[PDB]
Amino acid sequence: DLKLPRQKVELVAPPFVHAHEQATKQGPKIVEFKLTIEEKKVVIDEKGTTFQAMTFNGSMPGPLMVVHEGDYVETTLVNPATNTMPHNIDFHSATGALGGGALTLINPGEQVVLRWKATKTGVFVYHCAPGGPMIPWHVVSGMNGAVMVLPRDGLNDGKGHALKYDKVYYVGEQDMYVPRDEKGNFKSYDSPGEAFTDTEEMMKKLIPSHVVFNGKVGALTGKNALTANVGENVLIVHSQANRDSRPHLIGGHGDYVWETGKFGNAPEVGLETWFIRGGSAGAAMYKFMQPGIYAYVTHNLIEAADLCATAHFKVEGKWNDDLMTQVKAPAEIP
């Protein structure tokens, strides 16, 4: 009975985001997405530690879905027969039926189609939630992503001025719980099922072994560093489906920050470090002023440097000596 135009989106793997308009003259449409669940053993660190991951579309985090307020989001969720467990999807952006979870439980070999109306603006978590103790387990195994619901007029600063980003990145942070054997090495498992008992015991102690961006230590460094140029306004969407995080751009700021992630609220300005509550997404925009390398971290520095939670930006452009200068290089003390 819903007679609106249909638009398909081709999702892209994080940290990139599929093409979209900020402000739009389009009216509501039914925006069609497909997510295909993949359970797979992956490597999560430079030492070769393995992990029984469970993913939407093969990635941790799942891809960012972008729509506008008043759109209808129609998702085909697919659980191929090559998987071992039931799965579903809960959208924090949606209203009713446990976010959609109560309507989307699918066994291996099945698919389901859910539609929800995007009545709330902001960035929001989505995650699997099959029931009971499976809920945390599927989430901390990687089954979480985000969806961004933009105002049709684009973003604003709460004082009448438009805020337009030149690019957007999606940083999904994942707390992981990898058990150790008696001598202190990380364990490997043959299936998610086999990993479950030891993983749950560790989970209940509330200390992760790894905290990573984009699924692996170092994922967003080297060839895969984030990039910008001086003068570019970059939006960084950050999600954490289970545990708090405190993002910080080393050498920069959050010029405009929605730490609770919801665009009906004005952004805060000029932040050093912001806070993503476990179970949410937030967003920060920054206009780069200086070239060079920046690190984007959670500012629990133990997590950042020792447990995996560091990304880099490589920024091109001209150095601004008015903003910062080395007046005297390192020299022997007089």
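Just count from 1 along the sequence shown to find any residue number.
Using the B-factors recorded in the PDB entry, average over the C-alpha atoms of 59 to 67 and of 25 to 33, then report which stretch comes out higher.
So the stretch with the higher mean C-alpha B-factor is 25 to 33.
Which of the two stretches, 73 to 81 or 235 to 243, shows the higher mean Cα temperature factor in the record?
If you average the C-alpha B-factors of 73 to 81 and of 235 to 243, the larger mean comes out for 73 to 81.
**Message:** Can you tell me which of 127, 161, 262, 253 has the maximum CA B-factor listed in the PDB entry?
**Reply:** That would be 161, according to the entry.
Looking at 87, 248, 210, 187, which one carries the largest C-alpha B-factor according to the PDB entry?
Spelled out: the listed residue with the top C-alpha B-factor is 187.
Relative to the other modelled residues in the chain, which third contains the C-alpha temperature factor of residue 48: lowest, middle or highest? It falls in the middle third of the chain.
Sorting the chain's CA B-factors, does residue 122 end up in the lowest, middle or highest third? Lowest third - that is where residue 122 ends up once the chain's C-alpha B-factors are sorted.
Would you please rank residue 41 by its C-alpha temperature factor against the other modelled residues of its chain and give the third it falls in: lowest, middle or highest? As the PDB entry reports it, the C-alpha B-factor of residue 41 lands in the middle third of its chain.
Among the modelled residues of this chain, does the Cα B factor of residue 196 put it in the lowest, middle or highest third? Ranked within chain, residue 196 CA B lands in the highest tercile.
Q. In terms of the CA temperature factor given in the entry, to which third of its chain does residue 221 belong: lowest, middle or highest?
A. Tercile = highest for this residue's CA B-factor.
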